[PDB]
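**Student:** After the structure tokens below, expect a handful of questions from me.
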Amino acid sequence: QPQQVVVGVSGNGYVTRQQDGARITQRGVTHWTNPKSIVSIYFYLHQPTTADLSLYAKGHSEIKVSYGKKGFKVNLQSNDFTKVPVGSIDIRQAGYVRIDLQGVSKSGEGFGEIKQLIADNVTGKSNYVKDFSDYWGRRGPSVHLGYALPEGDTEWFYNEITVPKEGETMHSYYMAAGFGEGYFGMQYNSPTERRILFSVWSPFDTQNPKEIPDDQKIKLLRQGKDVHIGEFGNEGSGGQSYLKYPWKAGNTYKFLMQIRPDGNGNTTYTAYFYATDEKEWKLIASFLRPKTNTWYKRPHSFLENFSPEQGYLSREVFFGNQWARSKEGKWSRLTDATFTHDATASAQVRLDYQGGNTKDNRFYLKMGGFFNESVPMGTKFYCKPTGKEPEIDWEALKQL
Ligand SMILES: [Cl-]
């Protein structure tokens, strides 16, 4: 039987144009002052169906509600929330449904406050953010690729990363060369700032790095030119380093990660970034992790959106030419990548998670942006063992 689908704006709506002219909060749409602003609400339907749309809203205004080219003009004239009819739409196929809101006239300060989109008489199952963190829900599902290492002990992992222009999205972490105890990648942080980040967790489990015993603190061994070193907390704790570097979409950068136990019960982690635009390797940092005796484990990559406001945009990244070097000095081309998604995806509140093969023998990750094809947890992807073995001046790297 058809059912009512109540879609909360706080977990499913975004200001998608003129960001300063409306806001999504725990209340839904508030501070909606600019007629140029567009608010978009997304929910997924499993089968074709009609839907009678209403808004749970209040205000003194005229707004425009749209589903593709079909638009409805809607007056709000109330001080308190009421269920305001919009009109019927026909969803002709499964997938994400995007409903847009735009201000047309405001009798006072703003276009009104919108708490929910209500879709009545809907046939079939739906997915969207409900009974789930709006914050994490809107940030969307992070995705991961894990690469299989050969047998034996790997000391270095090498991976080539390219963020295509279509995948370049502010407030994203493109994590290239992770390992069992931390991360190495690049971020697009603001219009004037992009960072190469390298983080290593302490073995001591705490949310405050100052609560880590001295003999378990991550120690700085080497620091690259212009690199900033500090400590982090609130997601476990440890040491981090970054280099401000204006990386460009469409360019291929190289991440070279060294993990080497010292034989004295510590392991050293040394991160090198190839600044393609300058054609030179940079040292980010070398950190020592105490109470740890490991070679390289769990080489992996991930794609993450930091900003709930950016959830409506996709982001994407390509990873190519994965190599591992054994402690004995032997290079092997890696071929096997396993795709996983985060718990937001597992909750099925966001279905816009994807990864796999490119047509040019790379792997990709893609999330956000409310696209319609997902990929199951644990799906294995493969590449041909082609590509140029890395030619690294090891001595020169040691002088950085
Ligand atoms: Cl108002």
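The chains in the structure tokens are called A, B, ... from first to last as shown; in each chain the residues are counted from 1, and the ligands are counted from 1 in the order shown.
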Could you list, as a PyMOL selection string, every residue within 7 Å of range 176-181 of chain A, counting only C-alpha atoms and ignoring same-chain residues fewer than 5 positions away?

**Tutor:** chain A and resi 159+161+200-201+255+257+296-302

**Student:** Based on the selection just made, write N, CA, C and O atoms of those residues as a PDB file, in the first residue's frame.

**Tutor:**
```
ATOM      1  N   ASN A 159      51.975   5.085  -4.396  1.00  0.00           N
ATOM      2  CA  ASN A 159      50.684   5.244  -5.027  1.00  0.00           C
ATOM      3  C   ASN A 159      50.566   6.579  -5.708  1.00  0.00           C
ATOM      4  O   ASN A 159      51.087   7.572  -5.208  1.00  0.00           O
ATOM      5  N   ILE A 161      48.160   9.484  -7.286  1.00  0.00           N
ATOM      6  CA  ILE A 161      46.825  10.028  -7.084  1.00  0.00           C
ATOM      7  C   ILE A 161      46.556  11.158  -8.057  1.00  0.00           C
ATOM      8  O   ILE A 161      47.428  12.026  -8.282  1.00  0.00           O
ATOM      9  N   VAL A 200      50.124  10.013  12.347  1.00  0.00           N
ATOM     10  CA  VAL A 200      50.458   8.738  12.949  1.00  0.00           C
ATOM     11  C   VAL A 200      49.858   8.711  14.351  1.00  0.00           C
ATOM     12  O   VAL A 200      50.105   9.589  15.164  1.00  0.00           O
ATOM     13  N   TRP A 201      49.026   7.687  14.605  1.00  0.00           N
ATOM     14  CA  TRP A 201      48.430   7.514  15.919  1.00  0.00           C
ATOM     15  C   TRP A 201      49.429   6.951  16.926  1.00  0.00           C
ATOM     16  O   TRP A 201      50.227   6.068  16.609  1.00  0.00           O
ATOM     17  N   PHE A 255      52.691   9.520  -3.840  1.00  0.00           N
ATOM     18  CA  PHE A 255      52.853   9.371  -2.400  1.00  0.00           C
ATOM     19  C   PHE A 255      53.727   8.145  -2.181  1.00  0.00           C
ATOM     20  O   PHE A 255      53.436   7.041  -2.717  1.00  0.00           O
ATOM     21  N   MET A 257      55.470   6.069   0.964  1.00  0.00           N
ATOM     22  CA  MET A 257      55.346   5.910   2.417  1.00  0.00           C
ATOM     23  C   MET A 257      56.275   4.789   2.895  1.00  0.00           C
ATOM     24  O   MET A 257      56.171   3.656   2.429  1.00  0.00           O
ATOM     25  N   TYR A 296      55.280  -2.435   6.967  1.00  0.00           N
ATOM     26  CA  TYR A 296      54.088  -1.840   6.348  1.00  0.00           C
ATOM     27  C   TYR A 296      52.925  -2.807   6.391  1.00  0.00           C
ATOM     28  O   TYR A 296      53.050  -3.928   5.893  1.00  0.00           O
ATOM     29  N   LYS A 297      51.776  -2.351   6.903  1.00  0.00           N
ATOM     30  CA  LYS A 297      50.548  -3.138   6.894  1.00  0.00           C
ATOM     31  C   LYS A 297      49.401  -2.273   6.384  1.00  0.00           C
ATOM     32  O   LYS A 297      49.377  -1.073   6.610  1.00  0.00           O
ATOM     33  N   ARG A 298      48.483  -2.909   5.677  1.00  0.00           N
ATOM     34  CA  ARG A 298      47.209  -2.308   5.305  1.00  0.00           C
ATOM     35  C   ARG A 298      47.377  -1.018   4.498  1.00  0.00           C
ATOM     36  O   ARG A 298      46.798   0.012   4.828  1.00  0.00           O
ATOM     37  N   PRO A 299      48.118  -1.093   3.385  1.00  0.00           N
ATOM     38  CA  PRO A 299      48.122   0.039   2.505  1.00  0.00           C
ATOM     39  C   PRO A 299      46.696   0.279   2.008  1.00  0.00           C
ATOM     40  O   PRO A 299      45.943  -0.665   1.682  1.00  0.00           O
ATOM     41  N   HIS A 300      46.266   1.522   2.081  1.00  0.00           N
ATOM     42  CA  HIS A 300      44.902   1.828   1.695  1.00  0.00           C
ATOM     43  C   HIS A 300      44.726   3.271   1.382  1.00  0.00           C
ATOM     44  O   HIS A 300      45.603   4.065   1.622  1.00  0.00           O
ATOM     45  N   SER A 301      43.583   3.593   0.800  1.00  0.00           N
ATOM     46  CA  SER A 301      43.245   4.940   0.381  1.00  0.00           C
ATOM     47  C   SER A 301      41.821   5.173   0.852  1.00  0.00           C
ATOM     48  O   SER A 301      41.056   4.224   1.045  1.00  0.00           O
ATOM     49  N   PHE A 302      41.443   6.436   1.019  1.00  0.00           N
ATOM     50  CA  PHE A 302      40.045   6.723   1.281  1.00  0.00           C
ATOM     51  C   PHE A 302      39.667   8.086   0.748  1.00  0.00           C
ATOM     52  O   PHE A 302      40.527   8.905   0.380  1.00  0.00           O
TER      53      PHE A 302
END
```

**Student:** So which residues are near ligand 1, meaning at most 6 Å away with only C-alpha atoms and all ligand atoms counted, given back as a VMD selection string?

**Tutor:** chain A and resid 108 to 110 112

**Student:** Which residue, A:207, A:252, A:268, A:142, has the smallest gap to residue 303 in chain A when you use only C-alpha atoms?

**Tutor:**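 Of all the options, A:142 lies closest to residue 303 in chain A.
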
**Student:** Quick one: everything within 6 Å of range 314-322 of chain A, counting only C-alpha atoms, minus sequence neighbours fewer than 3 positions away in the same chain. Send it as a PyMOL selection string.

**Tutor:** chain A and resi 158-163+167-169+333-334+362-369+387

**Student:** Restrict the selected residues to C-alpha atoms and save them as a CSV table (one decimal), in the first residue's frame.

**Tutor:**
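As a result, out_28.csv now contains:
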```csv
chain,number,residue,atom,x,y,z
A,158,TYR,CA,53.9,3.9,-3.6
A,159,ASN,CA,50.7,5.2,-5.0
A,160,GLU,CA,49.8,7.8,-7.7
A,161,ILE,CA,46.8,10.0,-7.1
A,162,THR,CA,44.9,12.2,-9.5
A,163,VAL,CA,41.8,14.2,-8.6
A,167,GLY,CA,36.1,15.2,-8.5
A,168,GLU,CA,37.7,18.3,-6.9
A,169,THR,CA,35.5,19.5,-4.1
A,333,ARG,CA,53.2,-4.1,-8.6
A,334,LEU,CA,50.0,-4.4,-6.6
A,362,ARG,CA,43.4,2.7,-12.3
A,363,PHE,CA,41.1,2.4,-9.3
A,364,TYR,CA,38.7,5.1,-8.3
A,365,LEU,CA,36.6,6.2,-5.3
A,366,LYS,CA,33.6,8.4,-5.6
A,367,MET,CA,31.1,9.6,-3.0
A,368,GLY,CA,28.5,12.3,-2.3
A,369,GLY,CA,26.4,14.0,-4.8
A,387,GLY,CA,53.1,0.7,-15.1
```

**Student:** I need the residue nearest residue 245 in chain A from this list: A:85, A:141, A:152, A:185. Use only C-alpha atoms for the distance.

**Tutor:**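 The closest residue to residue 245 in chain A is A:185.
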
**Student:** Please measure the separation of CA of residue 88 in chain A and CA of residue 23 in chain A, giving the value in Å to one decimal.

**Tutor:**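 Computing it gives 26.3 Å between the two atoms.
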
**Student:** I'd like to know which of A:97, A:324, A:243, A:117 is closest to residue 28 in chain A, using only C-alpha atoms.

**Tutor:**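 Looking at the shortest contact to residue 28 in chain A, the residue is A:117.
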
**Student:** What's the separation between CA of residue 17 in chain A and CA of residue 63 in chain A, in Å to one decimal place?

**Tutor:**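 CA of residue 17 in chain A sits 15.2 Å away from CA of residue 63 in chain A.
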
**Student:** Of the residues A:250, A:224, A:261, A:182, which is the one nearest to residue 238 in chain A, using only C-alpha atoms?

**Tutor:** A:182

**Student:** Can you check which residues of range 47-286 of chain A DSSP gives as strand (DSSP E) on the backbone and send them as a ChimeraX atom specification?

**Tutor:** /A:49-67,70-91,95-106,113-122,126-127,143-147,154-162,172-178,182-190,193-201,219-223,228-232,238-244,252-261,267-275,280-286

**Student:** For residue 240 in chain A, which of A:357, A:267, A:199, A:77 is the closest residue, counting only C-alpha atoms?

**Tutor:**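 The closest residue to residue 240 in chain A is A:199.
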
**Student:** Find the residues around residue 371 in chain A up to 12 Å (only C-alpha atoms counted), leave out those fewer than 6 positions away in its own chain, and share them as a count of residues only.

**Tutor:** 19

**Student:** Considering only C-alpha atoms, state which residue in the set A:26, A:292, A:49, A:386 is at the smallest distance from residue 332 in chain A.

**Tutor:**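 Result for the nearest residue to residue 332 in chain A: A:386.
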
**Student:** Identify, on the basis of only C-alpha atoms, every residue whose closest approach to residue 219 in chain A does not exceed 10 Å; exclude the query and any residue fewer than 5 positions from it along the same chain; express the result as a VMD selection string.

**Tutor:** chain A and resid 200 202 214 238 to 239 268 286 to 290

**Student:** Restricting it to N, CA, C and O atoms, dump the selection as a JSON list (two decimals), in the first residue's frame.

**Tutor:**
```json
[["chain", "number", "residue", "atom", "x", "y", "z"],
["A", 200, "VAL", "N", 50.12, 10.01, 12.35],
["A", 200, "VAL", "CA", 50.46, 8.74, 12.95],
["A", 200, "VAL", "C", 49.86, 8.71, 14.35],
["A", 200, "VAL", "O", 50.10, 9.59, 15.16],
["A", 202, "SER", "N", 49.34, 7.42, 18.17],
["A", 202, "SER", "CA", 49.99, 6.77, 19.28],
["A", 202, "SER", "C", 49.30, 5.43, 19.54],
["A", 202, "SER", "O", 48.11, 5.29, 19.29],
["A", 214, "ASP", "N", 54.73, 9.70, 28.32],
["A", 214, "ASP", "CA", 55.90, 10.14, 27.55],
["A", 214, "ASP", "C", 56.47, 9.03, 26.65],
["A", 214, "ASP", "O", 56.78, 9.28, 25.48],
["A", 238, "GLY", "N", 47.70, 11.46, 18.54],
["A", 238, "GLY", "CA", 49.04, 11.21, 18.07],
["A", 238, "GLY", "C", 49.71, 12.44, 17.47],
["A", 238, "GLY", "O", 49.41, 13.57, 17.88],
["A", 239, "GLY", "N", 50.55, 12.20, 16.46],
["A", 239, "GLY", "CA", 51.33, 13.26, 15.84],
["A", 239, "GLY", "C", 50.83, 13.50, 14.44],
["A", 239, "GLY", "O", 50.39, 12.57, 13.75],
["A", 268, "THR", "N", 59.34, 3.40, 12.61],
["A", 268, "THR", "CA", 59.44, 4.73, 12.05],
["A", 268, "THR", "C", 58.64, 4.83, 10.78],
["A", 268, "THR", "O", 58.58, 3.91, 9.98],
["A", 286, "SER", "N", 59.11, 12.48, 9.36],
["A", 286, "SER", "CA", 59.39, 11.14, 9.84],
["A", 286, "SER", "C", 59.05, 11.13, 11.32],
["A", 286, "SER", "O", 59.55, 11.96, 12.08],
["A", 287, "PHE", "N", 58.16, 10.20, 11.69],
["A", 287, "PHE", "CA", 57.69, 10.05, 13.06],
["A", 287, "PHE", "C", 58.08, 8.67, 13.60],
["A", 287, "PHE", "O", 58.05, 7.67, 12.89],
["A", 288, "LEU", "N", 58.38, 8.63, 14.87],
["A", 288, "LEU", "CA", 58.62, 7.35, 15.50],
["A", 288, "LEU", "C", 57.42, 7.01, 16.36],
["A", 288, "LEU", "O", 56.96, 7.85, 17.14],
["A", 289, "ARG", "N", 56.94, 5.79, 16.23],
["A", 289, "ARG", "CA", 55.85, 5.31, 17.07],
["A", 289, "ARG", "C", 56.43, 4.28, 18.04],
["A", 289, "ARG", "O", 56.95, 3.25, 17.61],
["A", 290, "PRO", "N", 56.34, 4.54, 19.34],
["A", 290, "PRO", "CA", 56.86, 3.60, 20.31],
["A", 290, "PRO", "C", 55.93, 2.41, 20.51],
["A", 290, "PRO", "O", 54.79, 2.38, 20.03]]
```

**Student:** Show which residues sit within 10 Å of residue 397 in chain A, as a list in words. Count only C-alpha atoms, and ignore same-chain residues fewer than 6 positions away.

**Tutor:**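 Surrounding residues, per the criterion: residues 272, 281, 282 and 283 of chain A.
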
**Student:** I want to know what sits within 10 Å of residue 193 in chain A, based on only C-alpha atoms, with residues of the same chain fewer than 4 positions away left out; could you give that as JSON, numbers by chain?

**Tutor:** {"A": [170, 187, 188, 189, 244, 245, 246, 247]}

**Student:** Which of range 174-357 of chain A end up as helix (DSSP H, G or I) when DSSP is run on this backbone - answer as a list in words?

**Tutor:**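 For range 174-357 of chain A, the helix (DSSP H, G or I) set is residues 209, 210, 211, 214, 215, 216, 276, 277, 278, 308, 309, 310, 343, 344, 345 and 346 of chain A.
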
**Student:** When you draw a straight line from CA of residue 86 in chain A to CA of residue 57 in chain A, how long is it in Å?

**Tutor:**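 Result for CA of residue 86 in chain A versus CA of residue 57 in chain A: 11.2 Å, one decimal.
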